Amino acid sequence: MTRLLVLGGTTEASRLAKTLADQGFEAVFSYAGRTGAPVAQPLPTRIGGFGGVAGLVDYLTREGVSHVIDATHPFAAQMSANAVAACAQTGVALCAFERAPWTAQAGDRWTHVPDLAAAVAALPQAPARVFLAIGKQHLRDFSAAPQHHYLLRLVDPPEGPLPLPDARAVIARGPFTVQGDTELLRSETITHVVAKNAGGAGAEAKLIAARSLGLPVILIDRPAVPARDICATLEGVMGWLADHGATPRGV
């Protein structure tokens, strides 16, 4: 019998959790605990790491998980690799719920770089006004280009000093809206946006906002992850679960 684990942290994961609850599945939602107080989900929620591959193996076994939906961020590549390894070791079925990368349309002015360090190298020499729309974990990389003014967007207020000599943070969590990000990029007079190619619904706003302002985006390509089934849409996840024998409680 069916007991799902949703590895979360995305808008996709939240939409899936709502669906799973509404359809009466037995399921647990998992956060890493990267933020101080993550928003509530409509499933019993675990918070914290598993202890690597071995730890996740152990959890899947003791919890009696039948299926894992990896709905983590596309750039949370360690978690995603760990899930491929732990599910292969235990024989638990796994699908990653991740949408196609975002692709450029009319009016976008995008350049692509392979990783965060290359995004730092992409910035111009002369001081600019750069929206580092990349969260918290890798802000320090931009200490290699300290001359810019940086706009940061952080879930929690910083405790430590920031590694950037000219920076302001907004304290906010998404989902973000086009209206909201337009006003931010205007008010801060941003010249350049740095973004990871998440592909998700929750942080596409900054790209549309940039397009409305005529601004360039330096877009970081997704990191390598080992092969596993990919469920690209919510409907895809629900078909995959049905196909692999997951059923709800029957309420």
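One rule holds for the numbers: they count along the sequence shown, beginning at 1.
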* Asked: Do the CA atoms of 47 to 55 or those of 195 to 203 have the higher mean B-factor in the entry?
  -> 47 to 55
* Asked: Going by the B-factors listed in the PDB entry, is the mean over the C-alpha atoms higher for 129 to 137 or for 85 to 93?
  -> 85 to 93
* Would you mind finding, among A13, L241, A232, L20, the residue with the largest C-alpha temperature factor in the entry? => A232
* Going by the deposited entry, which of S30, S187, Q41, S66 has the highest CA temperature factor? -> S187
* Relative C-alpha B-factor of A76, binned into the chain's lowest, middle or highest third -> middle
* Structure fact -> In terms of its chain's C-alpha B-factors, the third that includes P146 is the highest
* Could you say whether, by C-alpha temperature factor, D181 belongs to the lowest, middle or highest third of its chain? => lowest
* With respect to C-alpha B-factor, does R99 fall in the lowest, middle or highest third of the chain as deposited? -> highest
* Once the chain's modelled residues are ordered by C-alpha B factor and cut into thirds, is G245 in the lowest, middle or highest one? -> middle
